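> Generate a structure from the sequence data that follows.
(6 chains, ligands or ions: 7)
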Amino acid sequence: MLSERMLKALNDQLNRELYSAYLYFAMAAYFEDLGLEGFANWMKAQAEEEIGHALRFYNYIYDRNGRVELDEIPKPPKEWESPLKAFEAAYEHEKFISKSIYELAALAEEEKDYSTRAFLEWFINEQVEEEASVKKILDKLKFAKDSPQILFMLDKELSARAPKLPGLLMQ
Amino acid sequence: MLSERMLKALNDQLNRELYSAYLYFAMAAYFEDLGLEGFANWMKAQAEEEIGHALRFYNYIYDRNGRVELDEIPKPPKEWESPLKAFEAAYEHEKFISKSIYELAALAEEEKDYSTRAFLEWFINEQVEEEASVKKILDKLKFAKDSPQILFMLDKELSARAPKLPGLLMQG
Amino acid sequence: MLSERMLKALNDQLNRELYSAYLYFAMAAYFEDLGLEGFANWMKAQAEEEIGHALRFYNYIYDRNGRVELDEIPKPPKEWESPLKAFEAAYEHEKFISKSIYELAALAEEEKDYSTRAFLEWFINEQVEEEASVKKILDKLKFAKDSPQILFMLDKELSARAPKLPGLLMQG
Amino acid sequence: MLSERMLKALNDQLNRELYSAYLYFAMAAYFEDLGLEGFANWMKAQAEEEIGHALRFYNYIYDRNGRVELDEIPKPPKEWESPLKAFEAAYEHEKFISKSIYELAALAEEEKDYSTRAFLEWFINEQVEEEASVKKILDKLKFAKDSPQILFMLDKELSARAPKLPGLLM
Amino acid sequence: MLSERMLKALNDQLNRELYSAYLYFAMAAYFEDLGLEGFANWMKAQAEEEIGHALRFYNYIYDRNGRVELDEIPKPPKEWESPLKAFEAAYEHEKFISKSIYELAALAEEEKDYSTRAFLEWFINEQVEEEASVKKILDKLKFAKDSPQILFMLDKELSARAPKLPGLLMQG
Amino acid sequence: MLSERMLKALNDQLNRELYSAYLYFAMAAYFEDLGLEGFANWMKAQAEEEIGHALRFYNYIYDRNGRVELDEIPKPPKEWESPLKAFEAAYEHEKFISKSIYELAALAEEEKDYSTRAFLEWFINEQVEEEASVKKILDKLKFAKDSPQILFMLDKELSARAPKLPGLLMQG
Ligand SMILES: [Ag+]
Ligand SMILES: [Ag+]
Ligand SMILES: [Ag+]
Ligand SMILES: [Ag+]
Ligand SMILES: [Ag+]
Ligand SMILES: [Ag+]
Ligand SMILES: [Ag+]
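Numbers count the residues shown, from 1 in each chain, chains lettered A, B, ... in the order given. Ligands and ions are numbered 1, 2, ... in the order given. Sharing the structure here:
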């Protein structure tokens, strides 16, 4: 049974993963407006993964006989200056998620909660991949400062990643 | 292309659809606490359908040369007195979503926007199926007022419906 | 190689895992007497998992060039007041095993034995599922205290899980 | 119904079959220490067969409307002098189990319990094969007194028999 | 991103893993000279594994926005007194590698670098297999001190493991 | 059997082929830092071929009743000014390897060792492909002087060549 402090910290991170989903959905909207479908689809697919992360906290909380409480999801930013500046904000946010993960692991070790600490190990390993994934595209946008030719080709490469949910629901 | 008023109304329903998902995810949390996994999974699967609806508004807006602006999703209720009262609030919310769809349809007809009127036609037919889906279970919960035996057998029946996203994501 | 104290702690937990199997085989005997074959077969299948847990400690010890010493397995309780009380005792024992896994993890971190700490990681994660598995059925038995109808339906649901060994040995 | 005397006699043999499983799990630990992996796996596979035998007594007791009571399982020996002495102890144990099966068959015929007697027939036939299986390897260990070469080749021969349970759970 | 001390430490282990590969390649040459083709091929297959372990460090460094710097690889021992002594030096080196992995794990915990600590968990679990794999054969060589008959039979048993790279490159 | 002077020259080339692998693994690290994953993967695949060349010398030496002695592998360069200058160094090194192959062939003809001369015939033909493979890409980098657009498109062309070892080793 989780301590009152730990249950709150897991519930807060559940909200953070859900906001991460919403931020990337907001970024998808921004890229769609610029007519960049590849970047937009990539962001929708990334947003779906963040929903999965939230469900993992949901599942673990109930595995430890806890109770999930959903807080509000704040309004995300509407616009960014350039596709480059959107990924810089995406990378800064990924480091924010990792930092909140580290503080969860540090809290679990301080309370001697081995179950939560072992559970968080999935996300520590996961955030390494996601930070590297976002950084890889960020550096390619630094590589094409005043080049619309490369940004066009980047859009085609990222179009390979698409959201998996859309084609499974009603129609 | 869309008027300033129509774009605002479409963006607001996009926000209303995303809240529906979050409200059903809150009900999923409520049923999970009671140890009712069947109801909980049914709600998660329903929440996914609402995200699908929000994506349909997202898609239409950009098809009409508009712009999507995401508003905040408000905090949903944590608890309900009973599973019966939980579905009563869900059916009440389904009528609220249906009502806001009608108001969009009226606004489209008033502005003579035939494209937006034809688009909303899918949701008018969809909401008939969703209202009846929630009402069907509601009546079955009314049918089992002081009977946990039926509530247990109802849980098994709704466990046939499951969320489709969890099994496809990054996994471990 | 392992320290004298660490080897003793791994040998002790190996004995605990074997007793867990023996306790659930005793619970299987309890439920079988009441005619609850589904509960009985669930406990038998659970007992086999605990024997599997014991063999994982066995295998690790010899991977670290240690030696397994088998201690006696004590007599388990014969009877319980109810199917509910039997699962209350099971969940209490599942917290007992989890605690001794934590104490082993703390001992590995104290003796900076990174290999044993990494080995115990499997059991920390495994015990989260085990506790949630037992607690789930415990809550369902609280759900039907004066209801023999649901106890009958719960017995059929647990009969889906069966032991895997019996069909593989000498047949007759 | 089973007689009060017969029920305790079936519960005690159920406990003996569980100790048999625990004794071969102890011998497996001894062979694993010597680096004889084939001997260890053979013993683990034999240990599973004894659990199967214990379940057979479990199933029979409940078929006759009886009640199973589980007693404690005593601590088995940790070490033996040689692989030969380990099998000499195992063969002595198989004769001990066979004898306790005979006394159950003698008790069944005395009380005119034809049901228990007919049930024990499977175990009389099983122990003939069990004793011959252990004795066969024992004689081969006598055949290789001061020969590590043949002990190495015997290890590979017994590695063909492996425990069936481990690969099925989690 | 990695600290200056952590980056240097990860680069060092990358070099240690590459030397391990070069050491087992040197042992392969030693066993090839004695005409023990099974032992030699076992060592070649083990050498490839260590290269893969070096690539796993390489991949992690660039994932954490770091830079890989490749230092020189020292000359390995040419000869050993016996196959028993050759595996004794191998099992000793396995304890050296496991040791340096612990130092990295102790470093990560001191910096609170959870990412590197979580990354190193794979190598801790891997080295348990590695040590047990080498020790198993070492004990079989202790088991056959003055017996060329068992050394011949061991050579055939280890010939089952063969290097995987050769049959994939440019041929002729 | 081989002469002392020939055996040293074969062992020296075996060291050169292993450095060729270590140099290209250093180039792969340089390209990976720039984010050019295709170039990096091309080099890793090329390094594996050099290890394969080294094993051909290893195999031949023992076929002639010789003894392989592994020397130290020196530290390779960390950086290059540009991808263009990186391939200019690679092509210069390829001519260096070919020259040492020519000198080995001249030594075999002078000593009247037909077996080594026949063995080296494979490497004379192999180096023709190797030089032409590097020169082809070098000229294309000369072609993309002030163009990041062509460098991006070259990266994709070379991403088709990938290392074969990583997907066969111990995994997790
Ligand atoms: Ag729908
Ligand atoms: Ag993920
Ligand atoms: Ag398990
Ligand atoms: Ag049998
Ligand atoms: Ag032989
Ligand atoms: Ag080649
Ligand atoms: Ag490995």
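> Residue A:35: what secondary structure?
coil (DSSP: H, G, I helix; E, B strand; the rest coil).
> Quick check: phi and psi on it?
The phi and psi values for residue A:35, taken as degrees, to the nearest 10, are phi 80, psi 20.
> burial of it, as a residue count?
10 (other Cβ atoms under 10 Å in any protein chain shown). (Each C-beta comes from the backbone N, C-alpha and C, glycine too.)
> The one 5 residues further on now?
A count of nearby residues for residue A:40, using other Cβ under 10 Å, gives 25.
> Write out the residues of chain A neighbouring chain F.
Residues of chain A lying near chain F by Cβ under 8 Å from any Cβ of the partner chain: A:136, A:139-140, A:143-144, A:147, A:149-150, A:153.
> between these, which is nearest residue A:165?
Nearest to residue A:165 among the residues of chain A next to chain F is residue A:136, at 24.2 Å by Cβ to Cβ.
> sorry, back to before: can you select the buried ones from the residues of chain A next to chain F in ChimeraX?
Buried subset of the residues of chain A next to chain F, written as a ChimeraX selection, criterion 16 or more other Cβ atoms under 10 Å in any protein chain shown:
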select /A:140,143,144,150,153
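> Could you identify the most distant pair in the residues of chain A next to chain F?
A:136 and A:149 (19.6 Å).
> check which helix or strand covers the residue lying closest to residue A:14 once chain neighbours are set aside.
Leaving aside its chain neighbours, residue A:14 sits nearest to residue A:57 (4.1 Å; criterion: Cβ to Cβ, 6 or more residues apart in numbering or on different chains). Counting by DSSP states H and E, the element that carries residue A:57 is helix A:37-63.
> quick one on the thing from earlier: quick one: the residues of chain A next to chain F as CSV, columns for secondary structure too.
Below are the residues of chain A next to chain F laid out as CSV (three-state DSSP):
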residue, secondary structure
A:136, helix
A:139, helix
A:140, helix
A:143, coil
A:144, coil
A:147, coil
A:149, helix
A:150, helix
A:153, helix
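> Looking at the residues of chain A next to chain F, which one is closest to ligand 4?
residue A:136 (59.4 Å; Cβ to the ion).
> Would you check that the closest one makes contact with residue F:36?
No. Counting by Cβ atoms under 8 Å, residue F:36 is not a contact partner of residue A:136; they are 11.5 Å apart.
> closest point of chain A to ligand 1, which residue?
Counting by Cβ to the ion, chain A gets nearest to ligand 1 through residue A:170 (3.3 Å).
> for residue A:41, what are its contacts?
Residues in contact with residue A:41 (Cβ atoms under 8 Å, 6 or more residues apart in numbering or on different chains) are A:28, A:158-159, A:161-163.
> cutoff 6 Å now
A:159, A:162 (Cβ atoms under 6 Å, 6 or more residues apart in numbering or on different chains).
> SS state for residue A:161?
Classification of residue A:161 using three-state DSSP returns coil.
> so it touches residue A:45, yeah?
Yes. Counting by Cβ atoms under 6 Å, residue A:161 touches residue A:45, with 4.9 Å between them.
> Looking at the two, which one has more neighbours?
Taking other Cβ under 10 Å, residue A:161 and residue A:45 do not tie; residue A:45 has more neighbours (19 against 15).
> still on that earlier bit, report the inter-axis angle for the following helix or strand past the helix holding residue A:57 versus helix A:37-63.
Downstream of helix A:37-63, the next assigned helix or strand under DSSP H and E is helix A:83-110. Helix A:83-110 and helix A:37-63 meet at an angle of 10 degrees, taking axes from the mean of the first three to the mean of the last three Cα atoms, to 10 degrees as the criterion.
> And stretch A:119-129, what's buried?
Across stretch A:119-129, burial judged by 16+ other Cβ under 10 Å covers A:119-128.
> could you dump the residues you listed to a markdown table with secondary structure?
Putting the buried residues of stretch A:119-129 into a markdown table (three-state DSSP) gives the following:
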| residue | secondary structure |
| --- | --- |
| A:119 | helix |
| A:120 | helix |
| A:121 | helix |
| A:122 | helix |
| A:123 | helix |
| A:124 | helix |
| A:125 | helix |
| A:126 | helix |
| A:127 | helix |
| A:128 | helix |
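> re earlier: let me see the contact set for the residue of chain A closest to ligand 1.
Going by Cβ under 6 Å, 6+ apart, the list of residues near residue A:170 reads residue B:49.
> I'm done for today, thanks for sticking with me.
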